[PDB]
Amino acid sequence: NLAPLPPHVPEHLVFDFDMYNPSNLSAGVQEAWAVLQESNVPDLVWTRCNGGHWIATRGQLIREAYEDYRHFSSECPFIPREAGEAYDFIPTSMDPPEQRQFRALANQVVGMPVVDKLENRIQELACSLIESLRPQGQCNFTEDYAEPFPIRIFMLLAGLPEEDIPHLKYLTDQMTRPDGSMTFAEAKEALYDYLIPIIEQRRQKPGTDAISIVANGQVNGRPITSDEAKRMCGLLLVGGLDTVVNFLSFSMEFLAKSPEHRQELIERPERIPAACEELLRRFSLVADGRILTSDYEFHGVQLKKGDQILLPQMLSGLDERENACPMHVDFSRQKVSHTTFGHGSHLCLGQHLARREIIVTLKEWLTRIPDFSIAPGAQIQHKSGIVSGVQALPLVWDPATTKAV
Ligand code: HEM
Ligand SMILES: CC1(C)[C@@H]2CC[C@@]1(C)C(=O)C2
Ligand SMILES: [K+]
């Protein structure tokens, strides 16, 4: 259903793309979004779906807008509008200058030095999951690896019990791919209800877990408030539970369908980090945006104060003006251009954790289960939203072709 076109939006710029249910979804979600880059589609279009909003369709505009926080504010960064208005996670809902003191604190719980200290446990968990799967000759990848591997690591980092995963995962998914049972505001209220007593507990009796570190932290040398600590911890949980989880499934679906790409990584393992970057480009998965702070003419188009603009991080790397033959996965691609982890002052703080999780997965899986395929018959379905994903990924292999390490 289509919101009436506002007076200021030109009719020739209308392209009614629905970011939560794109027309071409059955072709694969990145393909469905890539319809925005077909030959006669402008660089900046308006969709009347999901309340009405702009979409930048090309890397050049996506990058420019993410650099210009004075015109394109993160105070309302999600479509639809009621989700963006309710969204108050820190640091994402803040612009410079005030955003930066909170980044610095977040970076202390998810930054490179923390990832270094988690390295052994990440390795161990990946190995244990894959060894337990190996003799079985099949798995449901999304439930059996893509979910438990990154999520258990996050719950370890945060000092949260694993049995809380089903509830937290349900709430996080309502924020990014809602099934309709909860609004964003209701899912956020429920995440905060979970965190409130845990934050108070850990301010009274600090531990060394991520929640204690945020809740007792300072920002530019003054103490964080309880409310700030909640709004930061909520975001960290969303990052831990609904990013890498989805990305792994796109990457493994691809590797299951492409024996020659797996053979490349089996024959030349040194290539894994490069392969991780090219998969992060091809199977990019996030699309959020910004709100106009004022009336502003951008690339010949009159934007009005309060308009929302979706700036899909997914699209920059898929743009043939950034990467030739963008739908082709080439592990030797010379200049891998992408904004998969975002761009500008909100560049992902979890990207070092994400890459370590991805590269360990590829190394440890291909080492033990070098040969596998999609279960015969399976019609793999994607789902689209703020973070896109894979509904189910049934894999099979012959245990005789596997290796214990
Ligand atoms: C493949 C995995 C990941 C992708 C593709 C991803 C992508 C993104 C993108 C696109 C943004 C910027 C959003 C904006 O500008 O509005 C971002 C921000 C952030 N992400 Fe990641 N993310 C991933 C993994 C993680 C993980 C594992 C964590 C935490 C455990 C995390 C924590 C953060 C935080 C805290 C921010 C906010 C930074 C700020 O606003 O200054 N992300 N992520
Ligand atoms: C868009 C994101 C991937 C980024 C980290 C989690 C997420 C859903 C946000 O709310 C900011
Ligand atoms: K808001």
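Summary of values
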quantity	calculated
Tensor-based shape of the range 19-127 (alpha-carbon gyration tensor, a/c under 1.5 rounded, otherwise prolate or oblate)	oblate
Proximal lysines to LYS205, defined as alpha-carbon separation beneath 17 angstrom and excluding residues fewer than eight positions away on the same chain	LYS230
At least 18 Å along the helix axis (C-alpha) and Kyte average at least -0.5, DSSP helices within the chain	112-133, 184-204, 226-241, 244-257, 351-368
Sum of side-chain charges, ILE122 neighbourhood, beta-carbon under 14 Å (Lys, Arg +1; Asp, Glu -1)	+1
Neighbour-count order for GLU253, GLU320, fewest beta carbons within 10 angstrom listed first	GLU320, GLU253
Relative contact order [Cα under 8 Å, 6+ residues apart], the range 340-405, whole percent	31
Three-way shape label, the range 123-233, alpha-carbon gyration tensor, a/c 1.5	oblate
Cα gyration tensor category, rounded, prolate or oblate, for the range 312-405 with a/c compared to 1.5	prolate
For the chain, calculated [θ]222 nm from helices alone, where every DSSP H run of n ≥ 4 adds -39500 (n - 2.57)	-13500 deg cm²/dmol
Relative contact order (percent, whole number), the chain, Cα cutoff 8 Å, 6+ residue spacing	26
Label point distance in nm, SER39-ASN107, each placed 7 Å from Cα along Cα→Cβ	4.6
Residue exposure sequence - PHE254, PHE141 - by fewest surrounding Cβ within 10 Å	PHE254, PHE141
Long-range HN-HN contacts of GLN138 with modeled amide H, under 5 Å	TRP397
Whole-angstrom Cα spans of the chain along principal axes, big to small	65, 58, 40
Net charge contributed by nearby residues that have their C-beta within less than 14 Å of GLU200 (K/R +1, D/E -1)	+1
Separation of the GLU162 and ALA375 label points, Cα + 7 Å toward Cβ, nm	2.3
C-alpha center-to-center spacing [the range 371-400, the range 1-66] in angstrom	28
Whole-Å distance, taken between Cα centres, linking the range 158-221 and the range 293-315	32
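Please note: Cβ atoms are built from the backbone with ideal geometry, for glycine as well, and neighbour counts cover all protein chains shown. Values in this text are rule-based calculations from the coordinates and carry no lab data.
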